[PDB]
Structures are given as C-alpha cells and as structure tokens.
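These notes concern the structure reproduced below.
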Amino acid sequence: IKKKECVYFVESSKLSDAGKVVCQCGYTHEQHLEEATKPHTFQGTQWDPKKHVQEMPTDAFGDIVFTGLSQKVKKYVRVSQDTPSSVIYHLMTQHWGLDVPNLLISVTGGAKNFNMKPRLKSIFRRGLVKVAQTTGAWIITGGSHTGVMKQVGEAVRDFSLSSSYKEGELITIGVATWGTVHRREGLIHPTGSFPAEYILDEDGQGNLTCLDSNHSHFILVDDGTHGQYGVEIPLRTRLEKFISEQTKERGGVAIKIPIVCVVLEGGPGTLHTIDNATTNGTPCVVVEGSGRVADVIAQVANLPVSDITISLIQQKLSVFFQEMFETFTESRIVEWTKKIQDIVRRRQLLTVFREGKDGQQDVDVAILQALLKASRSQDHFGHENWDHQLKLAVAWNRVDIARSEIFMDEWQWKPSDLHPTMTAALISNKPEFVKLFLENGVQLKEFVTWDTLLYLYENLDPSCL
Amino acid sequence: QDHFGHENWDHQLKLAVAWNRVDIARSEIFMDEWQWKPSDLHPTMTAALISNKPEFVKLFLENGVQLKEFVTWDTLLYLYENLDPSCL
Amino acid sequence: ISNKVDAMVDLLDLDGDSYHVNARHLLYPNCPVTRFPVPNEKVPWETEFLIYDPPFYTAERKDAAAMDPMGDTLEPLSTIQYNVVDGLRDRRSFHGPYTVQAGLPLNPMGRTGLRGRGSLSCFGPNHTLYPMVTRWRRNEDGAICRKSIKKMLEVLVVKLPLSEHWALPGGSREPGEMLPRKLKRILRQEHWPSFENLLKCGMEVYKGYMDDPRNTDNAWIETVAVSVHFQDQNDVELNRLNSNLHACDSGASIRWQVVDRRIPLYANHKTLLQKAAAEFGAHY
Amino acid sequence: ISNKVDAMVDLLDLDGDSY
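Protein chains in written order, with the entry's author numbering: chain A, 67 to 531; chain B, 444 to 531; chain C, 1151 to 1165, 1235 to 1503; chain D, 1151 to 1165, 1235 to 1238.
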C-alpha cells in the first residue's frame, strides 16, 4: 500500500496565538485542520516545533480528475517536510509506474502572472514539449495555477490534447504547498485510496492558491500551516540533489542523471535560487525578453566583471515593481550585486537563450548545449569527457546533438572506446546511432568479440518470441 | 466595452461565430487568459452545431468542452427543433 | 508543399491637457448648440489671448437669464460676489481664484468655450458630494483581488432607467435644502427617514473639480468625495445599509457591483472612483 | 522537396577583482 511511510505534519496553530489578521477567528481555531490537540495538553504557550508537530499516517493518497476540465488521471500525495528523499523517489518509480527519467527540468520564476511576446510563446511552449518528447524527461515545477508554473502547464495542454500522443507521455511533477492549496477540504481520506474529484475555482479563494490543471503528478508538502507560501524550497532542492545523485541502470553502461533549471520571470528569491543551483554544479538557462530578474541577467550575461552597482540596470524589470530606482524599498542593493557577480563569474554553468541568433538553432539545442557545456567543463583524468557526453548522447536519442556537437572537435579515435557505447545502441535500438559509429570506423569485424555476444544474448527483448 | 464580469470573452466569441473567421477566433480571443468555466462555451457550442460551421467544433474540443458533459437532455430538445428545414 | 510556398509569397514583400475632455464635447444634451472648439493649448484663458469667442445660451429650460425655478440672476442684475457664502445660492467655492472678471463668474480650470448655461441651474461651483458606499468585498468566507495582488471592491451603483449609466447620489445642493439632502436626491427612494448620519460616518477622499459635460465658463461642478467604508462583511453596519433598502418607488435597480476600469458609468464617477480605490490599496 | 521547403520556413524569420 505504501501508506505507512508518508506521514502527516499536523498540529494545532491555536493553542494560543494572537494572529488575528484573518478576521474569521483568532488563528485557525478548532473545528479546522486543527483536530487532535483540542483537549488540554501541557501548556501550548508557543506552538513552535519544540511544541511537537505530529506525524501520523496520511489522508491524501489518491487520484483526482479535474471536474470538468479534463478526463485523465493524476496522483495525489501529501508529504511531510522531514520525509527522506529516497522515500518519494521509491514512491514515484515503484508505485506510480514511472520510468527512471533521463534529465530533470526545474522550471522556476515568478509566482505572479505575466504576458510576453507571442514569438517567445511559440518558441518556448513548443520546444519545451520537444525536450520531454524525445528524452523522456521529468519537469519539476512549482505547483499552482499562477505564473511561470501556469505557462508550462499551457505547453503540455498545447500538445497533449492537440497532438495528444501516448507515445511520449510527458511527466510534469508539481511540487506545491499543502496549505497554500485553495481546497484543502474535500480531498482528505483516511480510507487511503480514492478516484475522487474536486472542482477548480480561480476567482475565489483569495489567498489560498488553486492547483494548476495540466500536470501529471502532484506532490504537496506542509508544516501544519496555511497561507505561508515558501515551504517547498527545502524539499525541491533536497529532492533534486538526490535525483541528480541517483544513476541510471540500463544495459548500455549507465550514466548519472543530469539536471537543468529554466528561469522565465524571476524576481527576489529566484535570484537566490539560481546561484544555489550553480554552486552545486547544475547549469541552467535564462530566456531573453521576458522576466523581472531574467532580462537583467540576460543583459549582464556577456559583460565581464565590471559592475554597475546595479543602479543603471535596477529598473530593467519591465513591470517596475516599487516603480523606481530609489523607492525600490530594498536597502542594501549590494546584496543582489554579489548574487549577480557570482553567477556571471561561472561562465560554463550559465547560458542565456538569446531570441534572435539562438532561436533558429533551437531552444531544444540550447537547453541541451548547456548540459553538454557543463559536463565538458568537468571531466577528470583523460578523455572521459568524450566518453561521458556520448554516454549521455545514447540516452537522449538526439542524433544530431551527438553529431553536431561531440563529433566536431578533435575526437580521440581509439575505436575500442566506442565499444561500451556501440553495445548501448544495439540493445536499446536506437538504430540511427549505428550508422553514426560505422561512419567513425567502428569496424564490425573487430568489434564483435566472443564475450560481447554472450552479453548481447542475455539482453534480448523480453517480450519477443 | 464590457460590463460586469467576463462578458467580453462571451461577446467577442458571440461575434466570432457569425464571422466564420476561425483564425480570428483562434489568434485573438484564444491567446489571452481565457476564463475556463466550460459551461460558458455551451451557448456558443450550440451555435456552431446548428449553423455548421464544423471548424469551430474542433476549436472548442481543443478547449475542453467535454461532450460527455455538454449534451444535456434539454439541449437535444433545443437541437432537434432546429434541423435543416430543407433536409429530408 | 503547395500550401507552404504560398506562405513564402507573402513572406518576401517586407523590404494643461487634463483640464477638460467631457466639457469640451460638441453636443450638449438638450439643445443643439456647439460654437467653440478649444484644444489642449488654448484651454487656460488666463494664459493665451483667445480673441475668438463662444456665443452664449443660458438656463436650458425656462427663463434665459431670469432663472426663477433655477435661482440665479442676470449679468445686468449685478452678479453676486465671487467667494461669498451668502446667500441661499451657495457661491462659496473651494478654490481661491473664483474669478468674476466679465461681470460673470468665469471658471478657474480654463476656458471650455461654452456659454454660461443653467445646466447647473447655478452660476457657480455647485459643491456636490458622492456617497461612495464601499463593500470591501467577499466570497464564501472573505476574499481579495487575486488579479494583481490587490483588494477587490464592491460598490452600490443605481442604474437610472432613462439615462444609460449606473450612478451615485449627487449631493448638489437641493433647492432650499443643504448638501446632505440632495444626497437624498435618489436616497429618498431608498425609503428610510430614520438614519441620517450617513456622511457623519463618512471619510473624505477628494475635494476638487470634475470633468462634467454639462459645464460651461460660468457654471462648472467642483465637488467633495466622501467614502463610507465597510470592513466587517459581517453585521449591523452593512445590515442597516441593506435592511433599510425597500426601494419601493424606485425606477430600475440598485444592485451591488464590483469595480474596475470597465464599469458602465461614462465619465464623471469613473474618473473619481480610483481616488477612492487608491486610499485602501484597491485594484481599480 | 517537402523536407527542403521546411528548411526555408525557419530560414526567413531572422529580421581589485581578483582578490
């Protein structure tokens, strides 16, 4: 059942608390999500996690279709903040029927809505499908119905109902806050499983944000709270440091799973999010033209270390939140200066998607230049880089990216080196790589050893006759 | 000029039936933030079925007008009263 | 292929201004007269010469310069002084340089090229009020405006059945009575004579001048804006404003309406509404 | 021919620090 591992994070918030800003009661008093400590416990003077917040078996372990927006199914699991990352990864693969992915896309940006040029919409919403169609990726997003996480849900809807193909079922995993959700009620079931429903409502539920419709899987984290937005940041970066840590298994000799961000809008906190990714050594891409902080880092992308003390480029955010250079209500702009000056220093781990001279290349290739650009920056002790990028290049099924990038430098010939990769494309099939390696002098009269066939016949197609 | 809510994205689509200009319905009044509420497309889905105008029906089926929910009992009673009068 | 090369035939062929607007229109809603166009550089008559003149037509209904149902005199009948409260014709303005230069009170917001009409029924400011009845609105249990970040507002506006907009009571000095009694220009058709402290629980928003279409050079409508807010959504304060609504002898409807930049009142309240919306951080 | 005119749709859319 796998219910006895994901646990609650529940406790009263109205032991005693004068948070009377919400007028309905003092601060979510009883007959609420607060249900357990309604009798008298010891003191309850301060609820803070010294005052314990329980972990009991869960009540949202099901599957709900959006009524009446769509028809497909999607999985509903709430989870505590202290849940180990290997538990949820076992929950995704072995119990939701999810394949071990080949890359991670962590789209971040601003929570507020935004509208850009429709050329950028026709490029970004098209190519982001064309990533996860070919690779079989996961798209870690931010959950709810507003902002950059709304725009990625547009792109899946722009594919999976128009060219609604089972071949290449995209997997977009929404990580949000059980507590910023708009209808926490109507979704609880200590029974354990439910093919239930709820109804989307956008214009109501003023503070509690509603879930986005177009997502494949939902993961909700909590601290027994409500209204407080950012609580999934110490989960998503703790989760993605494990999925990037976990390896593939496949018969062609396996890889480490790479990881990439995409930033669209940005803003405060997102600038803290980007360099926190690049310090851990995960590259990511900034789009041009749209974005509060995104067009800033697009502008200071190619300039060297010669800093404005940003005040010329303070108000390049086209919305003018706080409306002025001087009335920005952010003292010590020197704080954001260091965050930019660390990002632009790491030239390898940051690329920028220029609209005019890179969009005709693709946004597919630019988002896959960047993973190849990072792994080119980090090899150890010899020609493992042109072994590691090709190890990735099997699992992309992107033959031109294997051709146009890692077959145009000085390839160290040594055609025994292609033998752990020639074995990959034969089992995986993937037939188009074999013509690429036969172009590069992988002589079949030398390659087929006795022991290779013994490894080959142990890896037949299991469904075959 | 609309008044009191989302009548604008009801009024422009009401025009958009009578244009038979499918791309102008697509490229203009399906690129903003469409307030979903797919009961709202029911007085317009009824239009393209009687008028025929078949090309709008693929546009609304793209926008999640679920046929298993749309076809009420009273809609067919309104539908069969509006047949093609020259038909057999 | 044939549809795609057609996409390439068409692909390679590519080688003070804010003084008046509504008062400066042509038609004025009763008699077909328009005689002076003034643009955004000749509006303040104190600045430029404007040797060309608008001919005059006054009092709009009954008696051109006599105005015995209206209540003002002739220019040969020794026009009453500029900033005097006396008498029952309240000529006490809010701005200082209320100018009676030509023997008649010329307006201070620049020349609109008009007559001296008694569309105001008064050769003066006609200091009016607008009870901005304000529901900081709700949902099933209390809402905000999720559209930007702000707060969404609800305002009672009455659709009068003849004129095609949705308005508020114009407290424009009920003849013989004061300003809280042309507050009851329409509010007498809301049936209560009991509660009379409506603006006593009011909060001032904006004192000044409106772009009324029925203005002229000698009659123009400046005003005071007064808010009556409601933060409870809950109890007797909204209830005494709602349970005292029989509206028994009313024309069409008085329904609660949300606010935006797209409400059906045309010009006067709509340019006034955002100043009420600015005070409480509303969406407009 | 059909693969080559598709190559022309996309072809014409182009108009101390060390401390």
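Backbone N, C-alpha and C fix where the C-beta goes; we use that ideal spot for every residue, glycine too.
Distance, residue j Cα to residue i Cα
i                      : j         : result
A:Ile340               : A:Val352  : 10 Å
B:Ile472               : B:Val500  : 15 Å
A:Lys405               : A:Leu301  : 22 Å
A:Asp267               : B:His449  : 15 Å
A:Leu194               : A:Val166  : 19 Å
A:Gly234               : C:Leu1491 : 55 Å
A:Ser226               : B:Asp483  : 23 Å
D:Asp1165              : C:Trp1355 : 50 Å
A:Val366               : A:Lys307  : 28 Å
C:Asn1487              : A:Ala262  : 51 Å
C:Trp1439              : C:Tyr1485 : 18 Å
A:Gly202               : A:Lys70   : 30 Å
C:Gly1306              : C:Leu1406 : 26 Å
A:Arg358               : A:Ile399  : 15 Å
A:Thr111               : C:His1346 : 57 Å
C:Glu1441              : C:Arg1308 : 15 Å
A:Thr207               : A:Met215  : 6 Å
B:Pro486               : B:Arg469  : 18 Å
residue 535 of chain B : B:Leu492  : Outside the displayed range of chain B (444 to 531) lies residue 535 of chain B, so it cannot be described from this structure.
C:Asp1454              : C:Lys1419 : 19 Å
C:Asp1430              : C:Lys1489 : 10 Å
C:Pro1263              : C:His1384 : 30 Å
Bounding residues of the beta strand (DSSP E) (the contiguous stretch that carries residue i)
i         : result
C:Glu1265 : Note, C:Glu1265: premise wrong, no beta strand (DSSP E); not H, not E.
C:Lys1426 : 1422–1428
A:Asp288  : 283–288
C:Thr1353 : 1347–1355
Reference residue i, options the options, closest by Cα
i                      : options                                    : result
C:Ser1338              : C:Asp1272, C:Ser1391, C:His1465            : C:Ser1391
A:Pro184               : B:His449, B:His454, B:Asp475, B:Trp462     : B:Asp475
B:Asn525               : B:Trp452, B:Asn495, B:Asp466, B:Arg469     : B:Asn495
A:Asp278               : A:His292, A:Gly85, A:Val247, A:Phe308      : A:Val247
A:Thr375               : A:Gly355, A:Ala320, A:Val385, A:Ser397     : A:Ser397
B:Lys480               : B:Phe447, B:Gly507, B:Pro497               : B:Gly507
C:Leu1333              : C:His1448, C:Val1159, C:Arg1254, C:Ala1496 : C:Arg1254
C:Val1443              : C:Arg1354, C:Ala1497, C:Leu1348            : C:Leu1348
B:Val465               : B:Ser529, B:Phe503, B:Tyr521, B:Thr489     : B:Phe503
residue 54 of chain A  : A:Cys530, A:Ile130, A:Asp125, A:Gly85      : Residue 54 of chain A is absent from the model: chain A starts at 67 and stops at 531.
residue 536 of chain A : A:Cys276, A:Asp125, A:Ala198               : Here chain A comprises residues numbered 67 to 531, so residue 536 of chain A is not present and cannot be evaluated.
C:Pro1273              : C:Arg1330, C:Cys1420, C:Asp1468, C:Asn1259 : C:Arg1330
One or two residues paired with residue i in a DSSP bridge
i                       : result
A:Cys327                : A:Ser172, A:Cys350
A:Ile237                : A:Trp204
A:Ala242                : A:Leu286
A:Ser210                : A:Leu277
residue 1224 of chain C : Placed between 1165 and 1235 in the numbering, residue 1224 of chain C has no coordinates, as chain C goes from one to the other without interruption by modelled residues.
A:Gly128                : A:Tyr142
C:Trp1385               : C:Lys1378
C:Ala1501               : C:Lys1370
A:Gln120                : A:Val76
C:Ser1446               : C:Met1351, C:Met1422
A:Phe419                : A:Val353
A:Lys439                : A:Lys439 is not bridged to any residue.
C:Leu1325               : C:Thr1318
Within chain F, the residues that residue i reaches when beta carbons sit closer than 9 Å
i        : result
A:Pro261 : Note that chain F does not occur in the displayed structure, where the protein chains are A, B, C and D.
Segment limits, alpha helix (DSSP H) that includes residue i
i         : result
C:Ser1338 : Per DSSP, C:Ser1338 belongs to no alpha helix (DSSP H) and is neither H nor E.
A:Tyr264  : Premise fails: A:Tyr264 lies in the beta strand (DSSP E), 263–265, not in any alpha helix (DSSP H).
A:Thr159  : 151–162
A:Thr339  : 336–345
C:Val1155 : 1152–1159
C:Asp1451 : Counting along the chain, C:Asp1451 falls outside any alpha helix (DSSP H), and DSSP gives it neither H nor E.
Check: residue i C-beta below 7 Å from any heavy atom of the ligand ATP
i        : result
A:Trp516 : Of ligands this structure carries none, so the ligand ATP is not represented either.
#### Entry: Cβ contact check for the segment 375–392 of chain A and the segment 313–325 of chain A: 3 or more pairs under 8 Å
No, because fewer than three Cβ pairs between the segment 375–392 of chain A and the segment 313–325 of chain A fall closer than 8 Å, the two stretches do not touch.
### Message
Counting beta carbon pairs with one atom in the segment 167–178 of chain A and one in the segment 85–94 of chain A, are three or more of them shorter than 8 Å?
### Response
Touching, no, given that fewer than three Cβ pairs across the two stretches are closer than 8 Å.
### Query
Does the count of Cβ pairs from the segment 71–82 of chain A and the segment 95–103 of chain A closer than 8 Å reach three?
By the criterion of at least three beta-carbon pairs nearer than 8 Å, the segment 71–82 of chain A is in contact with the segment 95–103 of chain A.
### Query
Should the segment 1381–1391 of chain C be regarded as contacting the segment 277–297 of chain A, the criterion being three or more beta carbon pairs within less than 8 Å?
These segments do not touch.
### Task
Decide if the segment 1312–1326 of chain C is in contact with the segment 1278–1287 of chain C; the criterion is three or more beta carbon pairs, one per stretch, under 8 Å apart.
Contact fails: fewer than three Cβ-Cβ distances are below 8 Å.
### Task
Would you check if the segment 447–461 of chain A and the segment 423–431 of chain A touch, i.e. whether three or more CB-CB distances between them fall below 8 Å?
With a cut-off of 8 Å on Cβ pairs, the segment 423–431 of chain A is not in contact with the segment 447–461 of chain A, counting fewer than three such pairs.
### Query
Given 8 Å as the limit, is there contact between the segment 1315–1324 of chain C and the segment 1364–1373 of chain C, that is, 3 or more CB pairs closer than that?
No, because fewer than three Cβ pairs between the segment 1315–1324 of chain C and the segment 1364–1373 of chain C fall closer than 8 Å, the two stretches do not touch.
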